[PDB]
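Here's the structure we're looking at; comments come further down.
First the proteins, then the strands, lettered A, B, ... as listed; each starts at 1. Atoms within each ligand, like the ligands themselves, are counted from 1 in listed order.
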10 protein chains.
Amino acid sequence: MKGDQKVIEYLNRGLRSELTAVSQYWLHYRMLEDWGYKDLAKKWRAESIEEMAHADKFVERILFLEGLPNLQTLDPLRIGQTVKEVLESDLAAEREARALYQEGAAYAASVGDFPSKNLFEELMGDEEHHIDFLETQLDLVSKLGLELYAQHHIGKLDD
Amino acid sequence: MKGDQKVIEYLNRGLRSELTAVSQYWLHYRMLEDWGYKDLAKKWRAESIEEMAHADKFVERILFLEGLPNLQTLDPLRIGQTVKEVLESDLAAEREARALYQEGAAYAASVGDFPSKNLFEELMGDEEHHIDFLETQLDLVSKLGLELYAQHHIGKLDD
Amino acid sequence: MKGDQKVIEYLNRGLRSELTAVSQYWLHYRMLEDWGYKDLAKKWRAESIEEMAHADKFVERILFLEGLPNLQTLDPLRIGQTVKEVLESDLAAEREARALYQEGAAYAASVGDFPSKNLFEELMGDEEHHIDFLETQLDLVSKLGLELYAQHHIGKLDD
Amino acid sequence: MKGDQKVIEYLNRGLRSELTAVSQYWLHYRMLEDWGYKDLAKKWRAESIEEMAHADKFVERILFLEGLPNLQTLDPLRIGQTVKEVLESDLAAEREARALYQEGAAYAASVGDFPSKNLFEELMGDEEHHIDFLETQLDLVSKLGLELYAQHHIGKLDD
Amino acid sequence: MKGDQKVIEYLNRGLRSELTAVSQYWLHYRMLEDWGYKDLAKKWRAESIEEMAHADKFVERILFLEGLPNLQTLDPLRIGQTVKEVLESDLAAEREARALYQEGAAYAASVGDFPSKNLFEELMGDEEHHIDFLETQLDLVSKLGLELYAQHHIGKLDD
Amino acid sequence: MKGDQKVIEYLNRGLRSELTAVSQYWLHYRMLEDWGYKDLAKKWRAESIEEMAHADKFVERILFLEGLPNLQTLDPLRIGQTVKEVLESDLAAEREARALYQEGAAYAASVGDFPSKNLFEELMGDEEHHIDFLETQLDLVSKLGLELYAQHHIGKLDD
Amino acid sequence: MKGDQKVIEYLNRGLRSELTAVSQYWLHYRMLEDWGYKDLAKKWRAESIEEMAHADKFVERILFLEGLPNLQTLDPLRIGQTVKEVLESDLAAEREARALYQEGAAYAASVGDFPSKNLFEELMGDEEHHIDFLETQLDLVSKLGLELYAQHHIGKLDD
Amino acid sequence: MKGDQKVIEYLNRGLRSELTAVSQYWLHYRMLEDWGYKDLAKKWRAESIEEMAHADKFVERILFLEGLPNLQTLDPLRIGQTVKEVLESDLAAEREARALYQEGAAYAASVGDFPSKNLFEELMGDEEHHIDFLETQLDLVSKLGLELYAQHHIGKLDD
Amino acid sequence: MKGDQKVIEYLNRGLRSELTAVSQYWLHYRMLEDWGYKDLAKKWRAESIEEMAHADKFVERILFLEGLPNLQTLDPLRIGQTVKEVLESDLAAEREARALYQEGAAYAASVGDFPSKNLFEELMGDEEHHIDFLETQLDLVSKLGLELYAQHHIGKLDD
Amino acid sequence: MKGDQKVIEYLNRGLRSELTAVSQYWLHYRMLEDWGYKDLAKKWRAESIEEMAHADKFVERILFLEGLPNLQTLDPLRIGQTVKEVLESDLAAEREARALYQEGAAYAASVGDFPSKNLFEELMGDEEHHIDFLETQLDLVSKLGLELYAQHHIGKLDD
Ligand code: HEM
Ligand code: HEM
Ligand code: HEM
Ligand code: HEM
Ligand code: HEM
Ligand code: HEM
Ligand code: HEM
Ligand SMILES: [Fe+3]
Ligand SMILES: [Fe+3]
Ligand SMILES: [Fe+3]
Ligand SMILES: [Fe+3]
Ligand SMILES: [Fe+3]
Ligand SMILES: [Fe+3]
Ligand SMILES: [Fe+3]
Ligand SMILES: [Fe+3]
Ligand SMILES: [Fe+3]
Ligand SMILES: [Fe+3]
Ligand SMILES: [Fe+3]
Ligand SMILES: [Fe+3]
Ligand SMILES: [Fe+3]
Ligand SMILES: [Fe+3]
Ligand SMILES: [Fe+3]
Ligand SMILES: [Fe+3]
Ligand SMILES: [Fe+3]
Ligand SMILES: [Fe+3]
Ligand SMILES: [Fe+3]
Ligand SMILES: [Fe+3]
């Protein structure tokens, strides 16, 4: 069904944002695993897979609206070198994704594309749950120090 | 453990090749679904998820070798506009991936990094199964014509 | 609870649209069955039952807002005489229903009747999934021809 | 138990015929798989395994009659290059095997070796079922054309 | 995918070697059963069926590499007249098969056909397990004499 | 139904042969048990019961053809005094029974009594399996000596 | 089967290296248990038993190649007096074992003993997983300090 | 808890004895397997694992008494070249271990270290069961000859 | 049965020691629970119940030997005021109980009362396991500090 | 293994004592059953079977030490004629067996035969449990009179 070209542009901006988060979370998962924080690694792997579902919802919507989904390029990645910098990198990206979705929902609403608007608002609400998650981990790091925070989430040793 | 710099560069080239295949297969999956070839869409979703696991093997090995995995960029995507061009696009990409892993395995062997060599060889074997699959599909298209080939794989209608 | 009279008018327009789709899909189901395309018949029967649920949601909302639901009349039916004309008739009706729901959601939003607005937007999103379904079947008919498309969905012979 | 030398010669001719069919069917199975007709491939694999059982029954009978089973050589293979030529190659071989078994049963009967006669007649009846199978596939190819026949038996795509 | 001509010749030589082993082991199985060594017959039937799977791996790889698998001929069979000569016949054949796969793996490696190289190496390892088995049996025959060795493996009488 | 008198005479000769084998096998079973070869005893008991089924099939056929089954007399029994002589006695009887059945099948065939012919041929095939069994045991005794052969089949001690 | 003398010497050097690791890991396991780090003791017991299986693979291959496995002596043990020195002791030993297997695989390859080459490569890959594990533990100790690292792994108290 | 230094010296002598038996039994297990006596191989593997448990009990006791367990060195191994020499080698070692444990139990008793005394006496009783086992096998070899003894324990052939 | 009066005196000294440990452990369990270290509390409760079983074994033995078990009085209790002092109090008591049992076992041995001697030696071995437990906890407190040690064993909060 | 001759003499004295108790308990069981005290009969039957296990442990130990177990003769039996005399007869025998085992354990200890010493001490402890049992029954008879004691253990009447 022929979609609004500007809504399609917002959908493709969203897809880009999600692809970036998929890779940034997945890299951070494997970094956390390499550093030995296995419980934090398990959560990051789960967060990356949630973002993969988000990316998929954008590709499907773009195609339904007869647009061309662009998976060629990512936004710039922010790569930590400590557990605190991993948290802060992901938080900064999630804040930019939420702002994008807020913009895309308002735009879609203004042209009557209510199902696209609902997609952006559902994703906005999901990104606020990730922001809440990340802010909470940074608050722990503030109150307890990074060492006590990360030590709690080392996890169990493999068989 | 500090790895050979050149083996790490090959592993990063492989990572890029897999991330490209992941996005290329996923977009093709969703294009095939949008066109109504549900059985070919199932297969492409499965192939993409296989490539996801390959990408993850490269990230893991790069970190073990104290390299920086680079997920920032993809090789250029080849996007088909017909079922036949989807088949041809994926086959071109798999042929380049197979040659890259052949080269990476030979290089890793020449510096005694046998576990990196075995990762490239195992992946080279997997990509050959992909090539076999894609070549077989194109053969069916040559012998039967595209309409007969694609009609067989429309699949079942959703509840 | 006393509702906005204009929202109630949109609800009754929606009910009319749904009653029309229930009957048009059900007739097309039984036509597809009479022509022998049993797999297409099963899907049309399922689509008519989904529309019956839609009709029911409008009757319930109209009554809650102290309106009188009007089930007396249908919009004009479009009846195919070939599988292609069945697809095209249902697509044209679904396009008119989506536009109605878009209008009803915006109107309801403008008077603060948010639960009515949500009803219209949920139904708008459902109608876009039917449009996506129908467009896909027409695309198959375009790429493969009507005979190869319909032959795939003849289905199994009854015991 | 000392057998009739000429019956033993017919048994060894039969063994040769079966070894030839085992290999010809197995090669055709793997050809059909390489071309993508997976449902025809599954049936050819099953037919080759039935012939393996036939070969085994001849080796056992030859030994019981104190002969030397000769598995050194095959009759000439007929290798298709299209699905039609695969069907025709196997049919021609099955016609020669049936004639051999008919001859071996009559001979064995004429010297009173009734259990050998029963072996040849049981195998003759099995070969007529394969001939019936192959003739039927060629009849389909005649009435529908090779493309519609082979397209029906492409089968499902692997996980 | 077009393969190296010389790797394909090695794979066809391997195919011949496996088809020879299949028939040699199967005939030995049935000779051992005819002599009454039922436990040694069970083991030989199992070894033959292992070699069948090896033959099939070679047919599959030759076709993928767009070669013509040749199942027409076998290498010369070695047929024992005692349990000891059966052991010695099979061991001679396995030693020639192991050397052929060693050569094929080294050649495939030298042209970068690593998946064909890994097929020959995996089979070379399997043939070494066969050699180990057969050497062990001949050792028992040296230490205990053939009568004691073969008597242990007569097995149970059939219902 | 009135049968051919000569076929009935062959049926009664067969019945006599079977009664003889029932008793000869049963006596040898109990001899083998008394000497302590319990595994050979179990097999002889099973062989006698198979012959009892054979005897029964002759009594039923004779009656259907309105003959008088004669169970009054046995052929002369051959009673071993060693395990080797038991094997040789049963082999000599089985050779005479096979020749009788061969004669009875040919005769029945020559007068069109095909179901009687089938009975004799089915029994001929059964007797060749017993001959194969006995010949194999004698071959073991030849290659290993009687003591090693019989020792293997002493079996387990009763609770 | 007679093996290459130098490959057998490499396999015996590998056997010594594994027997050393078995005893070193087992003693460390029991020292960690004595100090009260029950979760680190579980992991070390598991690592020792992994090394036991490696030692056994070398004994088996040496005997197949008609060598004499030498279990008489170990390389010098490195015994830690703190959790950190246990980690460092095991990592030094694993780095020497990895280099030995790299050398053994390259030598076995150069004489065409591919199954011995594959045993060294598989073990070289396993030792790299050990190295990864140990390096990760030392990283946690650098980032968190030894007290925080070791406290996390005290584990549960026994019933 | 600070132990008696001489008891600790006996514990470490015991540990040495057990390490020696672990390796000597394990090597003999794999020798028996290479020669084809699989039932004797299974028992030797089980005996080596029992000795591994014995070794572990000494390491634990030494640490509890604040000694340093020494796993660096083994007593000299006795390696058979026939089944009889394997039995005799293990018997000679078990006789020396029993005498050691007898000495260690008496010593521990004389300084009041009753739990160490109980350890040595429990192990002494275990070693007498191994001696009883080995003496019995040598008695069989004496009464029956080595060939009949070893032939009984060849075991079953692997699938 | 009339026992040795001095053995009975040692049994009653033992009973006194056990009653003291029952109460000291139980009080410390409830102290640890009141301070919030629930995992340490669970272990102390379990240790007190083990000591209750020890006390019971002394009452039963005293009665069998026709003595009067004296449960009137306890040795002086040592009550901690910190987790470290709880560990040290229980260790000091366990050291005195082990010395008592060592004395009682030697005495009983010197008058031939072997079952009483076995009781004291079994209990001596049990007390060394408690000493090992307590020493290990003090070692943790030494290496990690009391705060990190006790924090690990706070346990879970009740429903 | 060659044992100490005097220990073997004590073992055979023990065996004699046990054989005597087996028969004395079994006779008393059947006497108690004949008099109608079925619950006392069940316990005596159980006590005789425990003594049978004791006798067996002595025969096994004597043989392991290369002695000749002597089961020819019993110590003199003491046969009651009332329930009180049955109790007193068994008590007197158990007192003599305990004294024997005490002597045998001390002797075995003095020559270092610790496993024999452990056997005598384990049996001494078992005999004290029987003495405790018998003394308790006599105490009941003293406090309640023989009639009230025996009446309680008449038991149930058989179906
Ligand atoms: C960084 C690149 C990526 C990596 C390393 C990656 C990794 C993976 C892995 C390893 C799994 C399987 C998880 C499991 O089975 O436990 C997975 C699942 C999935 N991925 Fe990816 N992925 C990547 C990119 C993508 C992209 C670009 C998309 C779609 C646009 C995608 C969509 C999915 C979906 C939808 C699933 C779940 C499939 C199912 O549950 O059926 N992922 N991902
Ligand atoms: C063309 C006129 C219609 C026809 C031919 C029709 C046919 C049917 C049939 C045969 C079923 C049962 C499906 C089954 O049990 O498999 C059904 C279910 C249903 N219909 Fe209708 N229907 C029609 C109009 C309506 C209308 C006007 C409504 C409400 C406004 C309605 C609401 C429902 C609902 C809600 C169900 C499912 C009931 C349940 O699952 O409990 N249908 N329809
Ligand atoms: C072209 C040469 C052959 C190939 C490629 C081949 C292939 C195989 C394969 C892959 C199987 C196992 C099928 C399964 O497990 O699904 C098999 C089974 C079997 N084959 Fe062969 N085979 C060949 C020649 C032989 C010969 C020469 C004989 C006997 C003369 C034989 C007798 C059997 C029998 C009897 C089975 C079934 C075994 C059972 O079910 O226990 N095959 N064949
Ligand atoms: C030597 C004279 C024979 C002896 C010692 C004998 C012994 C037996 C024994 C002990 C069984 C039962 C086997 C079991 O239950 O495990 C049996 C079964 C049988 N016997 Fe006989 N038999 C003799 C003669 C006959 C004759 C003359 C016939 C018929 C002509 C006969 C027909 C059968 C049949 C048909 C069964 C199996 C019955 C069933 O499975 O329902 N036997 N024989
Ligand atoms: C010759 C050197 C050794 C070899 C070849 C060896 C081999 C093995 C193998 C293959 C297993 C696992 C058995 C199974 O899972 O079936 C094992 C188990 C075991 N080994 Fe070793 N081992 C050796 C030395 C040691 C040493 C030095 C000790 C301790 C001092 C040890 C203690 C154990 C224990 C305690 C188990 C059983 C573990 C469990 O059941 O959880 N072994 N051994
Ligand atoms: C400090 C004085 C004691 C306290 C506070 C105490 C507490 C308890 C508690 C609460 C239980 C039940 C545990 C459960 O069911 O989870 C118990 C079990 C037991 N106690 Fe005591 N106890 C004390 C003294 C004794 C004494 C003096 C003895 C014997 C001399 C004794 C022997 C037992 C035995 C044998 C059990 C387990 C009973 C069974 O499992 O059947 N305790 N104790
Ligand atoms: C007075 C002479 C004896 C009599 C009347 C006797 C009676 C029995 C009875 C009737 C049983 C089976 C109990 C049951 O199945 O409920 C039995 C078991 C047993 N007896 Fe005897 N026995 C006697 C002497 C012996 C001797 C001399 C020994 C060994 C030296 C012996 C060792 C055993 C053993 C070990 C069992 C248990 C077997 C098992 O559980 O597998 N008994 N006794
Ligand atoms: Fe997202
Ligand atoms: Fe997010
Ligand atoms: Fe890949
Ligand atoms: Fe691929
Ligand atoms: Fe609707
Ligand atoms: Fe709709
Ligand atoms: Fe056939
Ligand atoms: Fe056929
Ligand atoms: Fe093979
Ligand atoms: Fe082989
Ligand atoms: Fe018969
Ligand atoms: Fe017969
Ligand atoms: Fe290792
Ligand atoms: Fe390791
Ligand atoms: Fe031991
Ligand atoms: Fe031992
Ligand atoms: Fe205690
Ligand atoms: Fe205690
Ligand atoms: Fe006793
Ligand atoms: Fe007793």
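Only the side chain of D:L19 comes within 4.0 Å of ligand 3, counting heavy atoms alone; its backbone N, CA, C and O stay farther away. In E:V59, neither the side chain nor the backbone holds a heavy atom less than 4.0 Å from any atom of ligand 3.
Classification of D:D158 and D:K38 as a salt-bridged pair holds, one side-chain N sitting under 4.0 Å from a carboxylate O.
As for A:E94, its N/O/S atom nearest the Fe ion (ligand 9) is the one called OE2. When the N, O or S atoms of A:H130 are ranked by distance to the Fe ion (ligand 9), ND1 comes first.
Residue contacts with ligand 3: E:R45 is included, with a non-hydrogen atom under 4.0 Å away. Look at D:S23 and you'll find a heavy atom under 4.0 Å from some atom of ligand 3.
The angle that A:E127 OE1 and A:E51 OE2 make at the Fe ion (ligand 9), rounded to 10°, works out to 90°. At the Fe ion (ligand 18), the vertex angle linking ND1 of F:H54 with OE1 of F:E18 is 110° (nearest 10 degrees). With atom 21 (Fe) of ligand 3 as the vertex, SD of D:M52 and SD of E:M52 span 170° to the nearest 10°.
Of the N and O atoms on the side chains of A:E50 and A:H130, at least one donor lies less than 3.5 Å from an acceptor on the other residue. In this structure, a donor-acceptor pair under 3.5 Å is present between the side chains of E:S116 and E:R61.
Relative orientation of the F:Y10 and F:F120 rings is perpendicular, given thresholds of 30° and 60° on the angle between their planes.
Taking the six-membered ring wherever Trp is involved, the centroid distance between the rings of D:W26 and E:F58 does not fall below 6.0 Å.
With D:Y25 as the aromatic partner, D:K43 does not meet the cation-pi criteria of under 6.0 angstrom to the ring centre and within 45 degrees of the ring axis. Both the sub-6.0 Å distance and the 45° axial angle are not jointly satisfied by D:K42 relative to the ring of D:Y29.
Remark: atom 40 (O) of ligand 3 lies closer than 4.0 Å to no protein heavy atom. Distances from atom 11 (C) of ligand 3 to the protein include no heavy-atom value under 4.0 Å. Of the protein's heavy atoms, none falls inside 4.0 Å of atom 15 (O) of ligand 3.
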